[PDB]
Asks: 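Okay, handing you the structure first.
Only heavy atoms go into these numbers, but all of them, side chains included; no hydrogens, no water, no symmetry mates. Here is the naming used below: chain letters follow the sequence lines, and residue numbers restart at 1 for every chain.
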Amino acid sequence: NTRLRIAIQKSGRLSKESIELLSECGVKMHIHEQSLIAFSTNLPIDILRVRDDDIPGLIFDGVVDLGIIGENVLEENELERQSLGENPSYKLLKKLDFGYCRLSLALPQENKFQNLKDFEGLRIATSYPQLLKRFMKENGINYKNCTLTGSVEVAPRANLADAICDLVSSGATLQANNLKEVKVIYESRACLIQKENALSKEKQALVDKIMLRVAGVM
Amino acid sequence: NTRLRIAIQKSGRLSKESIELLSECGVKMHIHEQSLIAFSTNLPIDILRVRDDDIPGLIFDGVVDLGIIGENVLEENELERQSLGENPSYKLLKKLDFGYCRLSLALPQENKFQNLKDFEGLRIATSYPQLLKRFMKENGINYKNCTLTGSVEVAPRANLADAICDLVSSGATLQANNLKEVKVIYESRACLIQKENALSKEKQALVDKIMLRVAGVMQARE
Ligand SMILES: O=P(O)(O)OC[C@H]1O[C@H](OP(=O)(O)OP(=O)(O)O)[C@H](O)[C@@H]1O
Ligand SMILES: O=P(O)(O)OC[C@H]1O[C@H](OP(=O)(O)OP(=O)(O)O)[C@H](O)[C@@H]1O
Ligand SMILES: [Mg+2]
Ligand SMILES: [Mg+2]
Ligand SMILES: [Zn+2]
Ligand SMILES: [Zn+2]
Ligand SMILES: [Zn+2]
Ligand SMILES: [Zn+2]
Ligand SMILES: [Zn+2]
Ligand SMILES: [Zn+2]
């Protein structure tokens with residue numbers, strides 16, 4: 001197999017815009033329900049539709065050639081890999097102009113918040129435990145972890161946590177759960193990344209062509 | 001919280017059978033299919049319906065009191081936590097009589113397989129990278145990892161991997177993807193576990209009561 005492998009989010013925040021970037025770069029393909037692999041009809045390119053949390057790993061492990069992924073997800077998994085004693089590596093090709101969001105600490109609307117110190121001792125629910133951990137350590141604040149993959153914003157109401165650390169874009173989900181954003185700990189946007197090890201000449205040439213197109217398209 | 005917290009899978013292999021064990025143990029429940037939070041109507045017990053991969057962590061971190069989880073999922077996350085330099089700990093209360101499955105290596109049906117050595121150099125897709133890693137190390141076999149959270153079985157036919165390491169229950173998914181099971185690396189069943197730090201006397205008394213009922217239920221279901 002000589003086909004370039006690009007991993008994108010199967011469904012979620014980045015899916016639509018990732019597909020549109022690719023088509024704007026002249027990559028034609030049909031996306032409809034394929035469980036894992038879609039095939040460009042005009043170029044030797046395979047689009048792997050995966051859970052976003054898997055994309056950093058696929059790139060670090062050299063399973064795919066390119067990936068489109070949020071900085072937050074990339075950094076969370078990079079930190080996890082580094083904490084296991086590994087050396088995750090990737091090339092950053094381009095910071096993209098979509099997927100804008102921020103990872104923030106949030107409290108029940110009725111809670112008094114003067115200072116970050118108010119998070120001392122608190123149980124904090126998040127899907128990004130490594131990012132949360134690094135931030136709290138850097139700011140000298142002790143807390144108790146609660147790792148949930150979904151429904152993080154329900155954790156205070158379920159009495160699993162006193163607070164949360166979660167992605168915010170519109171702020172609608174925090175509002176719906178009667179929570180308030182008190183401290184941004186990370187700002188994110190989508191990026192295009194490549195695996196570390198050199199591609200074949202053919203593949204690198206196609207990547208350079210796509211990057212011109214991305215640069216051009218931008 | 002005076003209420004005992006039990007974490008169970010929201011939806012998947014163990015969800016139905018975990019809810020049924022609880023009702024079979026006399027725990028009456030109000031559930032909202034889409035919701036994290038469920039509660040017992042006749043006992044001071046909160047049922048937290050979550051992704052199964054989250055349950056070992058909630059127990060290790062003492063966020064909940066009890067959890068029902070597959071041994072496979074528990075072991076994978078225990079290894080992960082230990083590999084991060086942490087000290088995950090839990091009490092095993094009971095091995096349960098549902099959630100039977102095995103984590104196995106599988107290859108395309110048409111592949112020749114003589115020996116485990118045939119995995120040397122191969123890209124192996126899995127949702128259980130620590131369990132795979134430990135097994136391959138202990139058998140002296142080098143491989144390339146591919147971590148996927150879902151659709152693991154399609155990785156070979158998508159040319160993402162040469163092989164997979166995945167749970168097999170009925171074998172139907174492997175058959176559907178024209179893959180064959182060549183080596184079992186772990187046998188698994190659901191288990192009931194408890195966080196490490198001592199419960200209050202009243203909570204521990206409720207747990208002991210539930211455990212008696214669990215035993216009775218299991219004998220009665222044979
Ligand atoms: O501020 P809002 O616009 O209400 O958005 C907030 C939601 O978006 C995030 O999920 P997201 O879909 O980004 O994560 P995922 O795609 O990884 O599930 C986060 O988990 C919130 O639920
Ligand atoms: O042999 P079969 O009966 O076809 O079963 C195989 C399926 O079971 C496992 O999923 P599961 O929901 O157990 O994994 P999870 O823990 O990721 O939810 C595995 O990923 C297969 O998809
Ligand atoms: Mg989403
Ligand atoms: Mg399942
Ligand atoms: Zn089509
Ligand atoms: Zn089509
Ligand atoms: Zn995700
Ligand atoms: Zn109701
Ligand atoms: Zn799962
Ligand atoms: Zn039995």
Asks: Is any side-chain heavy atom of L107(A) less than 4.5 Å from a side-chain heavy atom of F119(A)?
Replies: yes
Asks: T147(B) and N145(B): side-chain donor and acceptor closer than 3.5 Å?
Replies: yes
Asks: Any idea which heavy atoms bring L132(B) and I185(B) closest together, and the distance?
Replies: CA-CD1, 4.4 Å
Asks: Under 4.5 Å between any side-chain heavy atoms of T126(B) and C146(B), yes or no?
Replies: no
Asks: Under the 3.5 angstrom rule, does the side chain of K10(A) hit a backbone N or O of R49(A) as a donor-acceptor pair?
Replies: no
Asks: Check side-chain hydrogen bond (donor to acceptor under 3.5 Å, both in side chains) between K91(B) and all other residues, then give those that pass, not counting sequence neighbours.
Replies: none
Asks: Could you list the residues that satisfy salt bridge (charged side-chain N to carboxylate O under 4.0 Å, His left out) with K183(B), not counting sequence neighbours?
Replies: none
Asks: Are side-chain heavy atoms of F135(B) and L116(B) found at a separation under 4.5 Å?
Replies: yes
Asks: What are the two closest heavy atoms between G150(B) and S127(B), and how far apart are they?
Replies: N-OG, 4.3 Å
Asks: Would you please name every residue forming a side chain to side chain contact (heavy atoms under 4.5 Å, CB included) with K133(A), sequence neighbours left out?
Replies: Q130(A), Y143(A)
Asks: Could you pull out all residues at least two apart from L66(B) that satisfy side chain to side chain contact (heavy atoms under 4.5 Å, CB included)?
Replies: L4(B), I6(B), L93(B), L192(B), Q194(B), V207(B)
Asks: Heavy atoms only: give me the nearest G121(A)-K144(A) pair and the separation to one decimal.
Replies: O-CE, 3.3 Å
Asks: Test of understanding: with side chain to side chain contact (heavy atoms under 4.5 Å, CB included), list the residues that count as partners of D53(B), not counting sequence neighbours.
Replies: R51(B), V73(B)
Asks: What residues, two or more places apart in sequence or in another chain, satisfy side chain to side chain contact (heavy atoms under 4.5 Å, CB included) together with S104(A)?
Replies: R102(A), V168(A), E181(A), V184(A)
Asks: Show, in sequence, the C-alpha distance, side-chain angles and deciding distance for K195(B) and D65(B), and conclude whether the salt bridge (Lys or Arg N to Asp or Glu O under 4.0 Å) test is met.
Replies: CA-CA 5 Å; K195(B) 65 167 181 189; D65(B) 301 300; 3.5 Å; yes
Asks: Kindly give the heavy-atom pair with the smallest separation between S151(B) and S35(A), and that separation in Å.
Replies: OG-O, 3.7 Å
Asks: Is the closest side-chain heavy-atom distance between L58(A) and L148(B) below 4.5 Å?
Replies: yes
Asks: Are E76(A) and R134(A) within salt-bridge range, i.e. N to O under 4.0 Å?
Replies: no
Asks: Partners of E187(B) by side-chain hydrogen bond (donor to acceptor under 3.5 Å, both in side chains), sequence neighbours excluded?
Replies: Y100(B)
Asks: Tell me, please, which residues at least two apart from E80(A) pass side-chain hydrogen bond (donor to acceptor under 3.5 Å, both in side chains).
Replies: none
Asks: Under the salt bridge (charged side-chain N to carboxylate O under 4.0 Å, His left out) rule, collect the residues that match up with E196(B), sequence neighbours excluded.
Replies: none
Asks: Using side chain to side chain contact (heavy atoms under 4.5 Å, CB included), reason through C191(A) and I68(A) one step at a time and then give a plain yes or no.
Replies: CA-CA 6 Å; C191(A) 307; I68(A) 297 174; over 6 Å; no
Asks: I need the full list of salt bridge (charged side-chain N to carboxylate O under 4.0 Å, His left out) pairs touching residues 148-164 of chain A, with sequence neighbours left out, sorted by first then second residue.
Replies: none
Asks: I need the minimum non-hydrogen distance between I55(B) and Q9(B), along with the two atoms involved.
Replies: CD1-N, 3.7 Å
Asks: Tell me, which pairs form a side-chain hydrogen bond (donor to acceptor under 3.5 Å, both in side chains) where one or both residues lie in residues 19-29 of chain B, sequence neighbours left out?
Replies: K16(B)-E20(B), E24(B)-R221(B)
Asks: With sequence neighbours left out, write down each residue that passes side-chain hydrogen bond (donor to acceptor under 3.5 Å, both in side chains) with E78(B), or none if nothing qualifies.
Replies: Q82(B)
Asks: What I'd like to find out is whether the side chain of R5(A) reaches to under 4.5 Å of the side chain of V63(A), using heavy atoms alone.
Replies: no
Asks: Quick one: do the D208(B) and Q204(B) side chains pair a donor with an acceptor below 3.5 Å?
Replies: yes
Asks: Would you say the side chains of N77(A) and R81(A) form a donor-acceptor pair under 3.5 Å?
Replies: no
